[PDB]
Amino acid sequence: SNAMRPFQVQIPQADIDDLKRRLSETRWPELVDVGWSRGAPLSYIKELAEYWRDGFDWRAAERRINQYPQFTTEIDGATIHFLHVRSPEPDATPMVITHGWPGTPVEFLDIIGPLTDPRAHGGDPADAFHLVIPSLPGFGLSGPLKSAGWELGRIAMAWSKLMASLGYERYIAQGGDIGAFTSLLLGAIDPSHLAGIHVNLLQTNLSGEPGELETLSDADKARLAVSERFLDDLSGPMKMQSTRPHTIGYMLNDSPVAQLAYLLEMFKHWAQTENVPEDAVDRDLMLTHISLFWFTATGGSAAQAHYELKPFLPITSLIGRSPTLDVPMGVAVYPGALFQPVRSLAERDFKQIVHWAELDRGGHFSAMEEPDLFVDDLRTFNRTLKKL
């Protein structure tokens, strides 16, 4: 292991200076206006980039992150950054909340207060959590990688180490996308140190077998079919990163408008929106998240995740049973999520689902998009555990 070194976000003035420079100097491509059908439209990204240049306040954003204790350490040869927010309730339940690609901890800013100091927010002090919010190896404030092989089981092995080093003998593992797989595998590695696992995004695979795609109501079949859209329309980024993540790095690292355009795909389509990204996620919060990728120069290091996680990717396979998991588990189903899980397929592999939530609003970035929902849902799950 290593030690926990206090950390603050401190973007050099010169880096802020270059970013403005590069934005000014953008060579705008000449593209036909087809709305959002082929990527971000010129009108939108151009006035968004002017704002990023001329209105957005990185230092204010930086202070909003730094209100929270952060640390870095070194584990199995990555530096890992994390927020560590202790509740004023000493008996709060510890929970690690792990983002996915293209995630950051700023997804979680709006849930931190209500989860950690429910008492202040007019809530039930018994419902409090202690929070650990790491940035994945190679992502964002964890910084780029200097060696690779960060497969899933290695991330999860590292997370178990982190929680033990922090002193947490009983914790909840929460996440979606890479964070959901990480939490599920911790189920295998730390069954005993686990109060439970909670996933807000869940791919349920058919097994590939006789007795199955038969029992499934028409509604389940349509839920499985949802995946076709991500598959058809939204998986270019994953296919690229799964094969040539260095190439993606060169395509993100030297143009902030490229970095912006690429990530606007997720904020338009993975998030639950109607007319634009800001209907789901505040403009400044989104730009904070995106700027984190730009300043830390982790477009390429973060892309490595799909190359490493190939076997798990929804573009490599949707078929097969997962190992049986017996840790108490909870699912929240968000309607804008790119995959839509069928509980009977989940129950096939998970022996102890004690909580299943179907929310009415919100997409892929569930906590960021609908923090009040997510808070309520996590508190309910936490209650259900405490009775087990």
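A residue's number is simply how far along the shown sequence it sits, counting from 1.
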Exercise for the section: Determine, for stretches 129 to 137 and 217 to 225, which one has the higher mean CA B-factor as deposited. Expected result: 217 to 225
Fill in the blank from the handout: Averaging the C-alpha temperature factors as deposited, the higher value of 331 to 339 versus 49 to 57 falls on 49 to 57
Fill in the blank from the handout: When the entry's CA B-factors for 236, 299, 105, 123 are compared, the highest one belongs to 123
Fill in the blank from the handout: Entry-reported C-alpha B-factor of residue 22 relative to its chain, by third, is highest
Practice task
Could you tell me which third, lowest, middle or highest, the C-alpha B-factor of residue 35 occupies within its chain?
Solution key: highest
Problem - Within-chain third of residue 366 by Cα B-factor, per the entry - result: lowest
Problem - Modelled-residue ranking by C-alpha temperature factor, third containing residue 277 - result: middle
Completion exercise
Assert third(CA B-factor, residue 175) within chain per record equals lowest
